[PDB]
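Below is one structure, written out as structure tokens; the observations come after it.
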Amino acid sequence: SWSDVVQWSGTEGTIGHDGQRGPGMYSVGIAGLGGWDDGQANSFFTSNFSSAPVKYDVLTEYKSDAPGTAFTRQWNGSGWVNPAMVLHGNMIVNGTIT
Amino acid sequence: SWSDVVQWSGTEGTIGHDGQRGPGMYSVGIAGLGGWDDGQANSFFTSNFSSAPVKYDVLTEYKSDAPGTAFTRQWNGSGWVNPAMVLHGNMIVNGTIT
Amino acid sequence: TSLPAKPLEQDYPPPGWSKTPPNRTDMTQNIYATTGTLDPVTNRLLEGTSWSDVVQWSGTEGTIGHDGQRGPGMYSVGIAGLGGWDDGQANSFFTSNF
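Just so you know, the protein sequences line up as chains A, A' and A'', in that order. A prime marks a further copy of an entry chain. First residue of the first sequence: 540, per PDB author numbering; consecutive thereafter. First residue of the second sequence: 540, per PDB author numbering; consecutive thereafter. First residue of the third sequence: 491, per PDB author numbering; consecutive thereafter.
Following this line, the structure appears as structure tokens:
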């Protein structure tokens, strides 16, 4: 009888992976914000980016009704940590110019 | 004579597709803006991103000479629609703080 | 995963080899086949003849291609002690984050 059926021609390769997505100096607001929200930040990225945040990702969270209350954190690839030196144009919090 | 020429070795696969591009809370201005411009917004993405806008994409359009005139829309994957809750730090339009 | 060395043993099959093409559970690996003159009386290779040069016999997985490019945005970043546009700092920003 016929032998065991075996592949004879070439095989198409699978889908690989390419360069990672690039973040930006974003600025988003959350209603009723009293502090930095890791959950809201993660939800923002999951909803829009369709991918996890990447290394050195900077996102700014603030309460719009009182623009002084603003929080900025840097994603170092595993979580949100306080960045060493991040300075926005909206860094004027307590209405003071010296 | 020789038989019909047929492939004998493996075949390289084609190029697949990977995770989608991630948007951000962008803020762009258009000269002479009297309202939200779908065409200008699409031209902005086509020129810079080199790709179509993705789901939950937020872009802010404003007239720089009068910063109060600002418009923000969310791209829900098929068009620009009014977002449910988007609140920027520049949401102060009519010079009023209450 | 690579081209095996030519078998030296006259056994059918030689050590490390199988008479029938084994199932390719791992796609990255390839089925390599070599041929020789078999003696049915001894169930081994014919005296004075050996296995042919080892050649690929099954399909080959393709390499990783490239897809649509990353999309930028209307970003706004600050640098301490800035007296003018900094190409080096801008490039460092993109290399670190993007």
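Heads up, the beta-carbon is just placed ideally off N, CA and C, and yes, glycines get one too.
In this structure, does DSSP put residue i in helix, strand or coil?
i: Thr611 of chain A'; result: strand
i: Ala580 of chain A''; result: helix
i: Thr510 of chain A''; result: coil
i: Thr585 of chain A; result: helix
i: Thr637 of chain A'; result: coil
i: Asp604 of chain A'; result: coil
i: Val593 of chain A; result: coil
i: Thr599 of chain A; result: strand
i: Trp575 of chain A'; result: coil
i: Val632 of chain A; result: coil
i: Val620 of chain A; result: strand
List the residues of chain A whose Cβ lies closer than 7 Å to the Cβ of residue i, in chain order.
i: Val593 of chain A'; result: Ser589
i: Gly578 of chain A'; result: By Cβ distance, chain A contributes nothing, its closest Cβ being about 22 Å from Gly578 of chain A', past 7 Å.
i: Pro511 of chain A''; result: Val545
Quick check: residue i and residue j, are their CB atoms within less than 8 Å of each other?
i: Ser548 of chain A; j: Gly549 of chain A''; result: yes
i: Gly563 of chain A; j: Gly563 of chain A''; result: yes
i: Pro622 of chain A; j: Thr611 of chain A; result: yes
i: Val545 of chain A; j: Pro511 of chain A''; result: yes
i: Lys602 of chain A; j: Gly616 of chain A; result: no
i: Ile554 of chain A''; j: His556 of chain A; result: yes
i: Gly561 of chain A'; j: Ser589 of chain A; result: yes
i: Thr524 of chain A''; j: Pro505 of chain A''; result: no
i: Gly526 of chain A''; j: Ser508 of chain A''; result: no
Ordered along the chain, which non-local residues of its own chain (more than five positions away) have a Cβ less than 8 Å from that of residue i?
i: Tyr565 of chain A'; result: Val597, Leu598, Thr599
i: residue 467 of chain A''; result: Outside the displayed range of chain A'' (491 to 588) lies residue 467 of chain A'', so it cannot be described from this structure.
i: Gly618 of chain A'; result: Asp577
i: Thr491 of chain A''; result: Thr518, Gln519, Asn520
i: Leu528 of chain A''; result: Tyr502, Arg534, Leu535, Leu536
i: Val625 of chain A'; result: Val597, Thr611, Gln613
i: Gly574 of chain A; result: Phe610
Residue i versus chain A': which residues are under 7 Å apart at the beta carbon?
i: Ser617 of chain A; result: The contacting residues do not exist; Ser617 of chain A stays about 18 Å from chain A' at best.
i: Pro606 of chain A; result: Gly628
i: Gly568 of chain A; result: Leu626, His627, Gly628
Does residue i come within less than 8 Å of chain D when only Cβ atoms are used?
i: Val545 of chain A; result: Among the chains of the structure shown, chain D does not appear; the protein chains present are A, A' and A''.
Using a Cβ-Cβ cutoff of less than 7 Å, which residues in the same chain neighbour residue i once the five nearest sequence positions on both sides are dropped?
i: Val567 of chain A''; result: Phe583
i: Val620 of chain A; result: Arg612, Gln613
i: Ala580 of chain A'; result: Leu598, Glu600, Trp619
i: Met630 of chain A; result: none
Given that residue i touches chain A, what residues does it touch there, using C-beta distances under 8 Å?
i: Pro562 of chain A'; result: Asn587, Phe588
What residues from chain A'' crowd round residue i, counting only those whose CB sits closer than 7 Å?
i: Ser548 of chain A; result: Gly549
i: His556 of chain A'; result: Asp557
Please compile the residues from chain A'' whose C-beta is within a distance smaller than 8 Å of the C-beta of residue i.
i: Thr635 of chain A'; result: Within 8 Å Cβ-Cβ: nothing; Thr635 of chain A' doesn't reach chain A'', min ~25 Å.
i: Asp596 of chain A; result: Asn587
i: residue 524 of chain A'; result: Residue 524 of chain A' falls outside the range modelled here, since chain A' spans only 540 to 637, and no answer is possible.
Take residue i and list the residues in its own chain whose beta-carbon comes closer than 6 Å to its own, dropping the five residues that flank it on each side.
i: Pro494 of chain A''; result: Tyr522, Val544
i: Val632 of chain A'; result: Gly607
Listing by chain order, which chain A residues have their CB less than 9 Å from the CB of residue i?
i: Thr553 of chain A'; result: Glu551, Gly552
i: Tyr565 of chain A''; result: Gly563, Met564, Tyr565
i: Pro503 of chain A''; result: The contacting residues do not exist; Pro503 of chain A'' stays about 15 Å from chain A at best.
Along chain A', which residues have their Cβ under 9 Å away from the Cβ of residue i?
i: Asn520 of chain A''; result: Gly549
List the residues of chain A' that residue i touches, going by C-beta distances under 8 Å, in chain order.
i: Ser603 of chain A; result: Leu626, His627, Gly628, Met630
Note down, one range per segment and in chain order, each alpha helix (DSSP H) of at least 4 residues found wholly within the segment 499 to 568 of chain A''.
none
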